[PDB]
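Asks:
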Amino acid sequence: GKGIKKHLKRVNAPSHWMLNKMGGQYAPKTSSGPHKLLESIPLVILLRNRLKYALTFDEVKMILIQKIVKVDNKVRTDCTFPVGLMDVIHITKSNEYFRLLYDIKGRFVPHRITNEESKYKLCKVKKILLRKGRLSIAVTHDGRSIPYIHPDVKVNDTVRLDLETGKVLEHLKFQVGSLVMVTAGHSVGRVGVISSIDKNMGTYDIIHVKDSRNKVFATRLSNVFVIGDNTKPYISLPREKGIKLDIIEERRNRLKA
Amino acid sequence: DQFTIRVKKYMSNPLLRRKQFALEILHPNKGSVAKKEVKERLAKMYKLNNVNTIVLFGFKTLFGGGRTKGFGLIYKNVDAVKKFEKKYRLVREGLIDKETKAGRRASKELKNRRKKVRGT
Amino acid sequence: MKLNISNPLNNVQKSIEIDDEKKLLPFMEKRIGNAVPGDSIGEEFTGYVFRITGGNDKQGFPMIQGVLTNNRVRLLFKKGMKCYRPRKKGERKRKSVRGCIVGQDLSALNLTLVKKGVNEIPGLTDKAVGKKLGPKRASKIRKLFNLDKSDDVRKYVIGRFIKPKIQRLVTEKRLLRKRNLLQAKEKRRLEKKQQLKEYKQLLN
RNA sequence: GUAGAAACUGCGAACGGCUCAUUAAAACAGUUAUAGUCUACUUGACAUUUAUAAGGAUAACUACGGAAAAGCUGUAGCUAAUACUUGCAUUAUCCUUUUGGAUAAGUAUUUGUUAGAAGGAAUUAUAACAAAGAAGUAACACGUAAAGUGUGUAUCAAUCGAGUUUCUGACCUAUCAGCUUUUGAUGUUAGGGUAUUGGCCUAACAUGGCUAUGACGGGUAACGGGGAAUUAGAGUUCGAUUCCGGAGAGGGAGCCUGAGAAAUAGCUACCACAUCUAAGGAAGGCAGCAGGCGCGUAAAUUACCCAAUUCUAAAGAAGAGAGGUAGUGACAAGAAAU
Numbered sequence: 002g003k004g005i006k007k008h009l010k011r012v013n014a015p016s017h018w019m020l021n022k023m024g025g026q027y028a029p030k031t032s033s034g035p036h037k038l039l040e041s042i043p044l045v046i047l048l049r050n051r052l053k054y055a056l057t058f059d060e061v062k063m064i065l066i067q068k069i070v071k072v073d074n075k076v077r078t079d080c081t082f083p084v085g086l087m088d089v090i091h092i093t094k095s096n097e098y099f100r101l102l103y104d105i106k107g108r109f110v111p112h113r114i115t116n117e118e119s120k121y122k123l124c125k126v127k128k129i130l131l132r133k134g135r136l137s138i139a140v141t142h143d144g145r146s147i148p149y150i151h152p153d154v155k156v157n158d159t160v161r162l163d164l165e166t167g168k169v170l171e172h173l174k175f176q177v178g179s180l181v182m183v184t185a186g187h188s189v190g191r192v193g194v195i196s197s198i199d200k201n202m203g204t205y206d207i208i209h210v211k212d213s214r215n216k217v218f219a220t221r222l223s224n225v226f227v228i229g230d231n232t233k234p235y236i237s238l239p240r241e242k243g244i245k246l247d248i249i250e251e252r253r254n255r256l257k258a
Numbered sequence: 003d004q005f006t007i008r009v010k011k012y013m014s015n016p017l018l019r020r021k022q023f024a025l026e027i028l029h030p031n032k033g034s035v036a037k038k039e040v041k042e043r044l045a046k047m048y049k050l051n052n053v054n055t056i057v058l059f060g061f062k063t064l065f066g067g068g069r070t071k072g073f074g075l076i077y078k079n080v081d082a083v084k085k086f087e088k089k090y091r092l093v094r095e096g097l098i099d100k101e102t103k104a105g106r107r108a109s110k111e112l113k114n115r116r117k118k119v120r121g122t
Numbered sequence: 001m002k003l004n005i006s007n008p009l010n011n012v013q014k015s016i017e018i019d020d021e022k023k024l025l026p027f028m029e030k031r032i033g034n035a036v037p038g039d040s041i042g043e044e045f046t047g048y049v050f051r052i053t054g055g056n057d058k059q060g061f062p063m064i065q066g067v068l069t070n071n072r073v074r075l076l077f078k079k080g081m082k083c084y085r086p087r088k089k090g091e092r093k094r095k096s097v098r099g100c101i102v103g104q105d106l107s108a109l110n111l112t113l114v115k116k117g118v119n120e121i122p123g124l125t126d127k128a129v130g131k132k133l134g135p136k137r138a139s140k141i142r143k144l145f146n147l148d149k150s151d152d153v154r155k156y157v158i159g160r170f171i172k173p174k175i176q177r178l179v180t181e182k183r184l185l186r187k188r189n190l191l192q193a194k195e196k197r198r199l200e201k202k203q204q205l206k207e208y209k210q211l212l213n
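Chains as they are written, first to last, in the UniProt record's numbering: chain A, 2 to 258; chain B, 3 to 122; chain C, 1 to 160, 170 to 213.
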């Protein structure tokens with residue numbers, strides 16, 4: 002037959018997974034989740050090759066059996082949960098919160114997060130639809146549908162959704178003074194203010210982003226993430242702080258130890 | 003015989019209620035030493051009163067002797083030992099014995115027992 | 001030749017061994033389900049009326065009803081017919097069968113009595129064996145005991170000690186689940202009303 | 001309570017693994033569109049026209065058998081379920097204006113008539129009216145905060161995808177120069193059909209479409225690609241082969257179930273083979289992991305185990321010739337005694 006495929010070869014493991022060539026034959030194909038397979042990783046990989054909590058897949062299963070891992074302040078049990086672009090994952094046995102961030106080098110990395118700021122996740126809505134009786138709903142990259150949004154919120158804005166009540170708090174728009182992340186660009190991991198946009202008739206629209214070192218780059222409109230306005234990046238960025246570090250002077254920094 | 007103990011990447015895992023690290027034992031001019039000796043030494047190191055709560059594995063002595071790289075695991079109690087582990091490493095440690103050793107004969111007999119061809 | 005005569009009202013059956021052709025002759029050219037008096041089959045079986053209800057032919061092939069032929073004719077079998085055992089969901093197989101018509105081809109005949117005659121058969125029309133399973137559903141046991149909804153029937157179950174577990178009970182946990190669904194529905198209505206009211210508030 | 005074979009049911013079995021005969025703008029790759037569709041599991045929002053708990057219908061089993069035999073089967077009695085099937089309020093809106101009164105009651109899908117947050121452009125979202133009308137909204141089981149979960153159900157969206165589809169790209173050959181068009185060739189109109197669109201097909205009407213920028217043909221000891229061999233740089237040659245995609249399971253044809261198969265360790269029919277056969281009749285596909293015959297110069301064990309990866313399910317404790325290890329191994333490659 003020609004049904005939906007159910008395996009991924011180890012060589013065909015996605016780019017940012019960073020899995021060894023000889024360590025077996027197959028990598029897990031994430032079950033249908035809230036985020037795309039090409040841009041999210043399973044919790045098994047996340048806690049194995051980064052957290053290093055266990056040494057075998059079955060040990061990871063035994064960990065997952067206890068209702069200790071939590072996503073968006075609620076319980077999850079299936080070993081194939083892609084964490085997604087932005088979220089919060091909580092572990093109560095150690096009372097530690099992790100939040101998924103990127104690197105200027107193009108990967109996924111967990112970031113230690115305190116309890117107060119661990120209750121806030123930022124979601125970029127992807128679609129705006131109208132339902133029966135004039136109620137407007139927003140569909141997010143998070144695979145989450147938020148009904149009854151403000152008339153203020155537009156398509157590309159980002160929304161301060163609370164984890165527990167499942168309700169909006171505030172909106173953040175996309176002026177030339179709004180901090181935006183790049184999701185899957187070849188220059189992924191750069192934090193900038195965006196100098197301006199460039200809308201093209203019936204095609205992709207290219208937006209220019211400016212950095213803290215006056216570097217200017219361009220990116221497709223599809224894969225941007227409103228993270229905060231000119232005041233500050235609202236959430237805690239990783240150690241690299243989202244500024245991309247040039248190769249030669251990066252080698253200089255590495256050499257100078 | 004004397005030796006030196008070195009522990010790398012000592013990290014405690016509350017989720018398994020265990021700990022992990024790499025064992026580097028220096029025994030110059032003396033061949034590979036038994037695991038019981040270093041078990042006693044590490045018990046005294048970490049103030050451990052029982053011996054059956056330690057798992058050791060992957061002890062490669064490397065070319066030339068005088069060094070040994072290995073990975074060590076400690077347990078909270080025998081309950082955790084029997085709880086968060088499979089049976090083969092426990093067999094190697096010396097707490098339980100192995101199961102039936104037919105192998106693939108179990109599956110061969112399962113296929114042989116064609117359903118509703120055997121009244122029992 | 002081998003007649004399995006069964007009494008539906010006594011849940012028992014008995015095997016009778018006959019050989020003569022003309023003895024079984026009076027059952028000829030009759031479809032399955034016909035009304036025939038089993039007189040020539042035995043000295044005491046006279047008077048008995050039998051509804052011809054099963055048989056098996058010379059080489060072991062079964063009988064059917066719809067196929068009113070006279071020989072072996074292969075045909076299509078479905079998932080839910082009366083003489084097929086599928087190996088997979090929706091699997092079908094063609095299997096040789098013998099037609100409904102009765103002839104000189106049968107290894108055995110399964111017959112049952114519909115009207116009592118005159119004589120008696122040891123262990124067939126005298127004794128009886130019960131259901132060998134007690135009723136389990138609440139309505140079934142309530143109907144078979146005639147004690148309506150006055151008291152629980154859980155104390156009036158047949159002993160093999171060990172008792173079957175009555176279904177369709179009146180459990181307080183069932184009541185609690187019902188009240189939980191009701192209250193959850195009303196709470197959900199409350200939350201949706203709050204959301205729409207605050208949406209009206211934020212409209213301007 | 002702890003457990004429980006046999007059993008009905010759910011789910012997978014449509015994944016994987018193997019091979020390359022057919023394939024010469026077909027596949028394949030890059031790059032679109034789907035404003036022309038569907039979409040299992042999961043996740044998130046969330047619904048409309050007897051109840052102190054409703055009806056039968058049957059397995060395993062018990063009892064008589066039968067044939068040689070197989071994944072064979074009749075009558076009698078039964079009983080169950082989250083299998084099958086009937087079926088238990090209420091929500092929204094307007095006037096005086098917390099609140100009194102008045103009012104409306106169909107989700108998809110289909111047809112007819114109007115208006116009309118987004119996209120670039122709607123016959124979009126949606127609202128009103130006239131109609132039809134599915135499938136439901138819990139009659140199912142367990143136990144967490146010092147109320148919860150499981151199973152299952154209507155829609156929307158995402159997910160894991162698939163199907164059509166634009167554009168650009170190839171081996172040799174003219175001792176293949178004119179092809180296609182009664183049997184759809186090219187297009188228009190209307191319809192059937194499919195999940196959507198279309199000569200996909202039907203009826204009518206038109207006479208059209210390709211071509212020395214090499215069509216139509218013929219060969220290919222031709223699966224396509226990222227790749228491999230050689231490089232001063234250009235190039236030429238191999239590409240079955242770790243992976244992506246395509247096709248196939250003897251070679252055509254057909255078909256049920258199932259979301260998803262024109263599936264082959266599912267079925268049906270033909271031929272060619274070939275097995276067992278009490279001679280009446282049954283069942284077959286190693287181009288799956290091992291091994292046998294035949295072919296040829298040419299190619300390894302009828303080994304061990306799911307311990308590693310990862311899959312399936314009622315998902316920790318069970319299977320996995322996917323796969324790992326062992327065995328044979330002067331295919332190649334690297335280190336280094338005499």
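C-beta: ideal position from N, C-alpha, C; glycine also.
(1) Please tell me whether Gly74 (chain B) and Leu25 (chain B) are closer than 7 Å, where the distance is taken between their beta carbons.
(2) Going by DSSP, what residue range makes up the alpha helix (DSSP H) through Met63 (chain A)?
(3) Determine, using beta carbons only, whether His172 (chain A) comes closer than 7 Å to chain C.
(4) At the 7 Å Cβ level, is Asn15 (chain B) part of the contact set with chain A, yes or no?
(5) With DSSP run on the structure shown, which of helix, strand or coil describes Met47 (chain B)?
(6) I'd like to know whether the C-beta atoms of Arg137 (chain C) and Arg177 (chain C) end up nearer to each other than 7 Å.
(7) Chain A beta carbons: is any one of them nearer than 7 Å to that of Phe23 (chain B)?
(8) Report yes or no: do the segment 93-108 of chain C and the segment 104-112 of chain B share at least 3 C-beta pairs separated by less than 8 Å?
(9) According to the Cβ coordinates, are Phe109 (chain A) and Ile64 (chain A) closer than 7 Å?
(10) Beta strand (DSSP E) containing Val97 (chain C): first to last residue?
(11) Is there at least one Cβ from chain A nearer than 7 Å to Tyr156 (chain C)'s Cβ?
(12) Under a CB-based cut-off of 7 Å, is residue 165 (chain B) close to chain A?
(13) Looking at the secondary structure, which residues open and close the beta strand (DSSP E) in which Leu185 (chain C) lies?
(14) Under three-state DSSP, which class holds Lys32 (chain B)?
(15) Would you kindly work out how many angstroms separate the C-alpha atoms of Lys94 (chain A) and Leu18 (chain B), rounded to a whole number?
(16) Count the C-beta pairs between the segment 102-111 of chain C and the segment 26-41 of chain C that are closer than 8 Å, then say yes if the count reaches three, no if not.
(17) Would the beta-carbon of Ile27 (chain B) fall within 7 Å of that of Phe59 (chain B)?
(18) Whole angstroms is fine: what's the gap from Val35 (chain B)'s alpha carbon to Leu50 (chain B)'s?
(19) Whose CA, out of A:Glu40, A:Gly190 and A:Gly167, lies closest to the CA of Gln204 (chain C)?
(20) Measure the C-alpha to C-alpha separation of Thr232 (chain A) and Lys46 (chain B) and round it to an integer number of angstroms.
(21) Write down the C-beta distance between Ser32 (chain A) and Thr81 (chain A) rounded to the nearest angstrom, noting that I regard them as a contact closer than 8 Å.
(22) Check whether the Cβ atoms of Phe45 (chain C) and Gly55 (chain C) sit closer than 7 Å, and answer yes or no.
(23) Can you give me the C-alpha to C-alpha distance between residue 262 (chain A) and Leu164 (chain A), rounded to a whole angstrom?
(24) What residue range does the beta strand (DSSP E) around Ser179 (chain A) cover?
(25) Tell me the residue span of the alpha helix (DSSP H) that contains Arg252 (chain A).
(26) Which runs of the beta strand (DSSP E) spanning at least 3 residues fall entirely within the segment 73-142 of chain C, listed in chain order?
(27) Can you give me the Cβ contacts of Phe86 (chain B) inside the same chain, cut-off strictly under 6 Å, excluding the 5 residues immediately before and after it?
(28) Look at the Cβ atom of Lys174 (chain A), then the Cβ atom of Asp158 (chain A), and state whether they are nearer than 7 Å.
(29) Check whether the segment 82-96 of chain B touches the segment 7-22 of chain B, taking contact to mean three or more Cβ pairs, one atom from each stretch, closer than 8 Å.
(30) With distances taken between CB atoms, is the gap from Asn15 (chain B) to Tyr54 (chain A) smaller than 7 Å?
(31) Run the CB neighbour count on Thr141 (chain A), radius 10 Å, all protein chains shown included, and call it buried at 16 or more, exposed below.
(32) Just the Cα atoms here: how many angstroms apart are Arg92 (chain C) and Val67 (chain C)?
(33) According to DSSP, simplified to helix, strand and coil, what is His91 (chain A)?
(34) How about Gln204 (chain C): is its C-beta nearer than 7 Å to some C-beta of chain A?
(35) Which residues, in chain order, does the segment 94-107 of chain A contribute to contact with chain B at a C-beta distance below 8 Å?
(36) Tell me the DSSP bridge mates of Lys122 (chain A)?
Replies: For this structure:
(1) Cβ distance < 7 Å, so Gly74 (chain B) and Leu25 (chain B) count as in contact.
(2) In this chain, the alpha helix (DSSP H) harbouring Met63 (chain A) covers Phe58 to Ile66.
(3) No, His172 (chain A) lies away from the interface with chain C (no Cβ there is under 7 Å from its Cβ).
(4) The beta-carbon of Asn15 (chain B) is placed less than 7 Å from the nearest beta-carbon of chain A.
(5) Helix, per DSSP.
(6) Cβ distance < 7 Å, so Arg137 (chain C) and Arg177 (chain C) count as in contact.
(7) Residue-level contact check: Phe23 (chain B) does not touch chain A, since none of the beta carbons of chain A fall below 7 Å from its beta carbon.
(8) Segments in contact, no.
(9) No; because the gap between Cβ atoms is not below 7 Å, this pair is not in contact.
(10) Here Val97 (chain C) belongs to no beta strand (DSSP E), and DSSP marks it neither H nor E.
(11) No, no contact with chain A.
(12) Beyond the ends of chain B as shown, which are 3 and 122, falls residue 165 (chain B); an answer cannot be given.
(13) Segment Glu181 to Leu212 is the alpha helix (DSSP H) holding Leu185 (chain C); no beta strand (DSSP E) there.
(14) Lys32 (chain B): coil per DSSP, three-state reduction.
(15) The straight-line gap from Cα to Cα measures roughly 10 Å.
(16) Judged by Cβ distances under 8 Å, the segment 102-111 of chain C makes contact with the segment 26-41 of chain C, as three or more pairs qualify.
(17) Not closer than 7 Å, so no.
(18) When only Cα atoms are considered, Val35 (chain B) and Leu50 (chain B) end up about 21 Å apart.
(19) Ranking the options by Cα distance to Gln204 (chain C), first place goes to A:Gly167.
(20) The straight-line gap from Cα to Cα measures roughly 55 Å.
(21) In this structure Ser32 (chain A) touches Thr81 (chain A) by the C-beta definition: roughly 4 Å separates them, less than 8 Å.
(22) Contact flag unset, no.
(23) In the structure displayed, chain A extends from 2 to 258; residue 262 (chain A) sits before or after that span and is not available.
(24) Counting along the chain, the beta strand (DSSP E) containing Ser179 (chain A) begins and ends at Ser179 to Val183.
(25) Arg252 (chain A) -> alpha helix (DSSP H) spans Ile248 to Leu256.
(26) Within the segment 73-142 of chain C, the complete beta strand (DSSP E) segments at least 3 residues long are 106-115, listed from N- to C-terminus.
(27) Within the same chain, and ignoring the five residues on either side of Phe86 (chain B) in sequence, the residues whose Cβ sits closer than 6 Å to its Cβ are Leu18.
(28) Contact: yes.
(29) With contact defined as three or more Cβ pairs closer than 8 Å, the segment 82-96 of chain B and the segment 7-22 of chain B are in contact.
(30) Yes; because the gap between Cβ atoms is below 7 Å, this pair is in contact.
(31) With 16 or more Cβ atoms within 10 Å of its Cβ, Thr141 (chain A) is classed as buried.
(32) So the two alpha carbons sit approximately 18 Å from each other.
(33) Strand, per DSSP.
(34) For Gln204 (chain C), the nearest beta carbon of chain A is closer than 7 Å to its own beta carbon.
(35) Contact annotation: in the segment 94-107 of chain A, residues whose CB is within less than 8 Å of a CB in chain B are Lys94 and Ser95.
(36) According to DSSP, which records beta bridges pairwise, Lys122 (chain A) is partnered with A:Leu162.
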